[PDB]
Q: 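Please read through the structure below; I'll follow up with questions.
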Amino acid sequence: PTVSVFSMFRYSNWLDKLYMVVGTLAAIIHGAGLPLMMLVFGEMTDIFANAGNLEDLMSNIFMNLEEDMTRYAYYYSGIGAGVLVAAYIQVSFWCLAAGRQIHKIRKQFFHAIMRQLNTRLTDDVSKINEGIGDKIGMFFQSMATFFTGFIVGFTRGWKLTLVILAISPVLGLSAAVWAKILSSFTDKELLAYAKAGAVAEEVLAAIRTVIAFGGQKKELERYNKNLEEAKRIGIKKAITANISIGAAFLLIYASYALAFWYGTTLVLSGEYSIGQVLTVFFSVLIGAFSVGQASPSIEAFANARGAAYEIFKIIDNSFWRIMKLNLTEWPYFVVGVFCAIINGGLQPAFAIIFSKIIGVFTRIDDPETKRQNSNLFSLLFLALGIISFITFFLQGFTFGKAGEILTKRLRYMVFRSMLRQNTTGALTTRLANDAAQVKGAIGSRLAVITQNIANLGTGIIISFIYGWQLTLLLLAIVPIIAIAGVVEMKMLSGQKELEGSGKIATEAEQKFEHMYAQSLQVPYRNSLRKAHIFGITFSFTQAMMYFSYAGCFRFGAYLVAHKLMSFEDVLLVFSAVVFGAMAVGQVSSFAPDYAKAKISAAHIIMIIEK
Amino acid sequence: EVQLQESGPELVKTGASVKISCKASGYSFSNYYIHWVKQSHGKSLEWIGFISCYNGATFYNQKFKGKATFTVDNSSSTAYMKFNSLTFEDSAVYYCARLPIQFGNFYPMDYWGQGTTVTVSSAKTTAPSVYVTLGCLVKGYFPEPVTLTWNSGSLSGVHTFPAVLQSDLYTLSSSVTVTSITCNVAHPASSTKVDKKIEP
Amino acid sequence: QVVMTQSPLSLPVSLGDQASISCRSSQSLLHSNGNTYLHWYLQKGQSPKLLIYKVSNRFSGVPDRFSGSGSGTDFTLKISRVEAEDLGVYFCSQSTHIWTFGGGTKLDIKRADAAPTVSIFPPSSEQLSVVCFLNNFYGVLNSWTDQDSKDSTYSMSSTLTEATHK
Ligand SMILES: COc1cc2c(cc1OC)CN(CCc1ccc(NC(=O)c3cccc4c(=O)c5cccc(OC)c5[nH]c34)cc1)CC2
Ligand SMILES: COc1cc2c(cc1OC)CN(CCc1ccc(NC(=O)c3cccc4c(=O)c5cccc(OC)c5[nH]c34)cc1)CC2
Ligand SMILES: COc1cc2c(cc1OC)CN(CCc1ccc(NC(=O)c3cccc4c(=O)c5cccc(OC)c5[nH]c34)cc1)CC2
C-alpha cells in the first residue's frame, strides 16, 4: 500500500536533488538558531544581573553596561540575519523541489491514464505534494532545534538539563497531540456530518418524488436523527480537543514552576547563575516542544507514500441580526467571554510573575527572603497553569457547544424551509458549509477579540505604567510581531487555480494531453512564484523576532544605565508587549473569514425566511 | 570541598612590587567576589577591597586606592592582588575570602584563604653574630629563619624566643635550663653554621 | 566605619568547661530589614573558618558546642565544652554597614599561677647588651613565647642595648 522511500522521489532531477540537499542544510542551520539565541540571551541576562547586584551593593558609597550591550546587539542581529537567509533558502528550495516534482508527476499521470480515477488525479497528487514538500524541511529544522537545544543544555548545565529531561517525554507528547489535533480538526468536522450529508444529498437529488409522496415530515426526521449524532460528535470533539490543549498549557506552566524552583535552588546555592538557568531552561524546553511539533511531518510523509502507490502503479503498467440567531445560548456566551478574558489575561500575568522571579536575582537581599520569594513565584507559575487549564477548557467547551447548537438549529430550519418549497450541489453546500460557518461570525469572533483585548491591551497598559519609553519603542514593531505569529502558524498549518485544468481531465489523445499540459502552465508559474514570495515573507517575519531582542535590550541597556528603569521592568515590558503580540498573532490565526461568514449567514437567513 | 589556595610567603625589597594570588577550587568561580583582607601583627583585620570574579569589577577601600590592584584570571580561576611602592607598613598577612554575588553583604565570607605573609624589608643578607640557666644571643641577622640547637638536638628546658626586628636586623635568643653545652646556629641564607660552647 | 570591640583580648579557659566571648559595635548592627549581620570566625597558620553567622545560625558542619546570642551593639559567642581543637583566635565580623572585624580573642589554657624564674646575664664581652630571662610563669626590646604545649606557662626575654607579675 506504500511505495519505497527512494521510489517516492523518482521524478527528481539533478536540480531537485540540489534543492533538497541545500534546503536541508539551510533547515539544519535555521533550526540551530533558536538555541544559540537562548545562549546569547542568558549571557545578556547575566551581564544585567551582575551590574544590578553590584549597584545594589555599592548604593551608599552601570559604567560599561551600554558598551557590553552593543556586542550582544551585534550577536542578536547576526543570528537574526543568518536565520533570515537560512529560513528563506529552506522554505524556498523545498517548495521549489516539491513543485517541480508534482508538476512532472501530474503530467506523467495524465499521460499514463490515457496510454491505457478523478480523485486519484486531483486529491492524491495534492496528498503527495503535502507529503514531500515543506513538511520535510520542517522536520529537519525541528530535529536540529531538538539536538542543538539539548547540546546547549548539557553544555551549560547538565543538572538542570537532566531535571528537564525527566519532563521532556511528556512535553514532546503534549506537543505531538497538540499538533495532531490542530492538523486533523477540519477533517473531523467534515467527517461528523457525513451521515447526514448523505441523507441531504439523496433527498435533494430526488426531491420531486419526495414532495409528490408527501414525505417531507419524514425526510426531515431522518435528517434530524442524523444531525443529533453530528452534534454529539461535535460536542465530544469540543471536549476532548480543548481538554488536551489545556493539559498542554498546564504542563508548560508546571514545567516553568518546576524548572524555576530547582534552578533558583541552584542559584541560591551558588552553583548556577540566573542567566545560566535561563539558557538551559529555554533551550531544553523549546527543543522538547519542537520534537513534538515535528510529528505531522511523519504522518504526512506516510500519507504521501500511501497516495503515491496507486498513481505509480497506473503510471508503470447585519451583525445584530446574525447574533440574534444564537441568542438562546447567552449562558454559554457569558461563561465563554468571562473565560476568554481570564485566558487572555494570562500572558500579562505571566509577564509579571516571570519578570519578578528574575528580578529577585538582579538585586541583593537576604538569602532567606530570596528563597521565600522564589518559592512564592514558583507556586504562582503552578497556579497560572491550573487557571489556564480550567479557563482554556471552559472557553473552548462553551463556545464549541454554542456553535454546535447553532449549527444544528440552522441546518434543521434550512432543511425545513427547503422542504416547504438552486442546484442540488449548491444546496448541499449551503447545508454542509454555509450553516457550519455562521458560528464563525459570532462565537469565534467574540472569543478571538475578547482574548486579544485582554491580552495585548492589558499588556500595553501595564507596560506603559512600568516603562513608557520602552513601550513606545516596542509599539512600533508590535504589528510585525503579530504578523510574524500569524505567518508562523499559517506556515505550520500548511495553509482552486487547478479547477480550470480539471475540465480537460474530466472530459477524457496526444492532443488532449497537450491541452492539459498547456493548461497547467499558469498554475505552475503561480506556484513557482508563491514559493519565493512565501519564503521571503516567512523568513523576514522570523528574523524580526530575533531583531526585537537586539532593539529592546539595547534600548533597555540605555534606560537601565541612565536610571530610568530597572532590568526587571525591561523584562516585564519585553515579555508583555512582544510575546503578547506574538500570542495575538497566534490566536488570530484561528479566526475564520468574517466576510465569508457574514455572507454565509446572509444566504442562510434568505433561505430560512423564503 | 571549597578551597582557596594562596601563594607562598614573600620577602620583598622596600619600594618594589609584589603580586600574590588566590587560586579557587571546588565551586563556580564566577558567582563570587574575592575580598582581600590585611592583618598586621597585633592588629584587627582590615578590609582592602574586592574584585568581581565575573567581570573583574573592583572596589577599593579608600585607604588603599592606588596602593593595591586586583586582577582576575577566569581561565585559571585565580585572583591576584598587586602592590606598588611597598613600604615597611605593608608587612602583614593577606587573606582572600569569597562572598556570593547574589547576597552581597547579607551573607558572611564563608571561605577564606590560608594567608600569605609579606615582609617588606630593605636590608641585605647578613650573617648572625652569636654572643642553672644558660642562653645564646643570635643578634643582627637577615633574613629569617635561623635554626638554633643545643648540643645538636641533644636536649628539654629549651626556650627559643621568636625573632625581633632591631633596625632592619632580626635578633633572637635562647634559654636552656639544667641543674648543675654547645650552641649551634644555622643560617641558610648566609650558609653559616656557628657552634659556640658556653664557658663560665 | 563601624568599630567592633572584643572585650577579653585573652580568655584563659579550662578543657571541658565553658567560654564566652563578647563583641560590641559602635553602632547598632540591626539592619533595616530586621536582620543583624554579625558573624563569628575561628583562626588557628590556617584559614579562618566561619562558625556562626547572623548572630546565632551555626554554619554547616560546626559542632553543637558553639552558640551565639546578642541583640544590638552587644553580642556573645559561647562554647559550651571547650575541647582541645578550639584553642585559637575568635573574631567577630559585621556586614550591616559597608567590612569591619573585631580585634580577636585568643583562647588560652588556664592553670595555677606561677612565678617567673628571673635570670640576669651580663654582656658576653665578646663584643654590648644585657639580657633578662623570665621563664615558666603564668633601648630595650621584649619577646614572648606562646603558651607551652606541655606545662602551659609562658616565657619572656628582654634585652637592653624588675618583674611585675600577679
Ligand atoms: C484548526 O483547529 C482549530 C480551529 C479552530 C478552533 C480550534 C481548533 O483546534 C482545537 C477554535 N475555533 C473557535 C474560535 C477560537 C476560540 C478560542 C481561541 N483561543 C485559543 O487560545 C485557542 C483555541 C484553540 C486552539 C489554540 C491553539 O492551538 C493555540 C496555539 C498556540 C497559541 C495559542 O494562543 C496563545 C493557541 N490558542 C488556541 C481561538 C479560536 C476557531 C477555529
Ligand atoms: C509561557 O511560556 C510559553 C508558552 C507557550 C510556549 C512556550 C513557552 O515558553 C517557552 C509554546 N507555545 C506553542 C504554541 C504552538 C502549539 C502548537 C503548534 N503547532 C502547529 O501549529 C502545527 C504543527 C504541525 C502541524 C500543524 C498542522 O498541520 C495544522 C493544520 C491546521 C491548523 C493548524 O493550526 C492553525 C495546524 N498547526 C500545526 C504551534 C505553536 C504554547 C505556549
Ligand atoms: C528569537 O526568538 C524567537 C524566535 C521564534 C520564536 C520565539 C522566539 O523567542 C522565544 C517562535 N519560534 C517557534 C517555536 C516557539 C513558539 C512559541 C514560543 N513561545 C515562547 O517562548 C513564549 C510564549 C509565551 C510567553 C513567553 C514569554 O513571556 C517569554 C519571556 C521571556 C523570554 C521568552 O523566551 C525566550 C518568552 N517566551 C514566551 C517559543 C518558541 C520561531 C521564531
Side-chain angles (χ1 to χ4, degrees), chain A residues 185-186 188 190-194 196-200 202-204 207 210 215-216 218-224 226-228 230-239 241-242 318 322 325-337 394-419 421-422 424 426-448 591-592 594 597 599-605 607-608:
Chain A
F185 197 76
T186 326
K188 304 268 201 276
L190 279 158
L191 198 299
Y193 185 59
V199 159
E202 74 107 349
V203 170
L204 294 174
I207 173 65
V210 175
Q216 290 132 299
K218 156 165 327 190
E219 304 313 276
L220 193 63
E221 301 314 329
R222 273 177 80 219
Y223 198 55
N224 216 25
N226 293 330
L227 288 189
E228 290 305 311
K231 173 170 135 178
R232 273 178 61 274
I233 294 164
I235 300 304
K236 245 202 82 185
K237 177 80 204 213
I239 284 171
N242 294 284
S318 140
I322 296 164
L325 285 185
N326 205 7
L327 185 65
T328 65
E329 275 73 50
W330 63 269
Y332 299 105
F333 282 139
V334 162
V335 178
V337 161
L394 270 194
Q395 177 198 6
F397 166 74
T398 41
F399 277 127
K401 188 166 193 345
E404 289 306 322
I405 293 163
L406 170 77
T407 309
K408 205 230 101 163
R409 194 177 18 230
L410 287 191
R411 274 162 181 167
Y412 179 75
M413 337 184 291
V414 159
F415 209 60
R416 201 183 35 183
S417 75
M418 314 172 149
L419 288 182
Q421 286 314 291
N422 292 348
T424 195
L427 297 197
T428 48
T429 56
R430 292 254 190 271
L431 274 165
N433 301 12
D434 275 26
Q437 299 170 351
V438 178
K439 66 158 153 261
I442 310 163
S444 317
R445 177 91 162 169
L446 231 54
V448 161
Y594 192 69
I599 281 178
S600 319
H603 277 161
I604 288 310
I605 291 158
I607 299 177
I608 290 172

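Letters A, B, ... are given to chains in the order of the sequence lines, protein chains preceding strands, and every chain is numbered from 1.
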Q: Looking at residues at least two apart in the chain, or sitting in another chain, which of them share a side chain to side chain contact (heavy atoms under 4.5 Å, CB included) with A/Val448?
A: A/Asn452, A/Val587, A/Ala591
Q: Mind listing the closest non-hydrogen atom pair of A/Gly400 and A/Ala238 along with its distance?
A: CA-CB, 4.3 Å
Q: Within this structure, what is the OH-CD1 distance for the pair A/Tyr594 and A/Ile442, rounded to the nearest 0.5 Å?
A: 9.0 Å
Q: If I compare all heavy atoms of A/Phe185 with all of A/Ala241, which pair ends up nearest, and what's the gap?
A: CE1-CB, 4.5 Å
Q: Determine yes or no for a side-chain-to-main-chain donor-acceptor pair under 3.5 angstrom, with A/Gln216 supplying the side chain and A/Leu419 the backbone.
A: yes
Q: Dump the intermediate steps for side chain to side chain contact (heavy atoms under 4.5 Å, CB included) on A/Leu410 and A/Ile608, then the final yes or no.
A: CA-CA 9 Å; A/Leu410 287 191; A/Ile608 290 172; 4.2 Å; yes
Q: Suppose we screen for side chain to side chain contact (heavy atoms under 4.5 Å, CB included). Which residues come up paired with A/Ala402, at least two apart in sequence or across chains?
A: A/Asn326, A/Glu329, A/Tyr332, A/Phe333
Q: Can you tell me how far apart NZ (A/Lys237) and CZ (A/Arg232) are? Round to the nearest 0.5 Å.
A: 15.5 Å
Q: With rounding to the nearest 0.5 Å, note down the distance linking NZ in A/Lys231 to CZ in A/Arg409.
A: 8.5 Å
Q: Partners of A/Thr407 by side chain to side chain contact (heavy atoms under 4.5 Å, CB included), sequence neighbours excluded?
A: A/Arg411, A/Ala436, A/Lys439
Q: Assess whether salt bridge (charged side-chain N to carboxylate O under 4.0 Å, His left out) is satisfied between A/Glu219 and A/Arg222, documenting all intermediate values.
A: CA-CA 5 Å; A/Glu219 304 313 276; A/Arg222 273 177 80 219; 2.9 Å; yes
Q: Looking at every heavy atom in both A/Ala230 and A/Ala192, which two are closest together, and how far apart are they?
A: CB-O, 3.7 Å
Q: Roughly how far apart are A/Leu190 CG and A/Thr186 OG1, rounded to 0.5 Å?
A: 7.5 Å
Q: Nearest heavy-atom pair of A/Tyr193 and A/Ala200: which atoms, and what distance?
A: OH-CB, 4.3 Å
Q: Could you report the tightest heavy-atom contact between A/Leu227 and A/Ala196, atom names first, then the distance?
A: CD2-CB, 4.0 Å
Q: A side-chain contact here means heavy atoms from C-beta on lying under 4.5 Å apart; do A/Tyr412 and A/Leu220 qualify?
A: yes
Q: So A/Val210 and A/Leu204, do their side chains get closer than 4.5 Å, heavy atoms only?
A: no
Q: Let me confirm one number: the CD1-CG distance from A/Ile604 to A/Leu325, rounded to the nearest 0.5 Å.
A: 9.5 Å
Q: Where do A/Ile607 and A/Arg430 land on the side chain to side chain contact (heavy atoms under 4.5 Å, CB included) test, with the steps shown first?
A: CA-CA 9 Å; A/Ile607 299 177; A/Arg430 292 254 190 271; 3.6 Å; yes
Q: Hey, could you give me the OG/CD1 distance between A/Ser417 and A/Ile605, rounded to the nearest 0.5 Å?
A: 12.0 Å
Q: Before giving the answer on side chain to side chain contact (heavy atoms under 4.5 Å, CB included), spell out for A/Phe399 and A/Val335 the whole-Å C-alpha distance, their side-chain angles and the decisive distance to 0.1 Å.
A: CA-CA 9 Å; A/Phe399 277 127; A/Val335 178; over 6 Å; no
Q: What heavy-atom pair brings A/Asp434 and A/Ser600 nearest, and what distance separates the two atoms?
A: O-CB, 3.7 Å
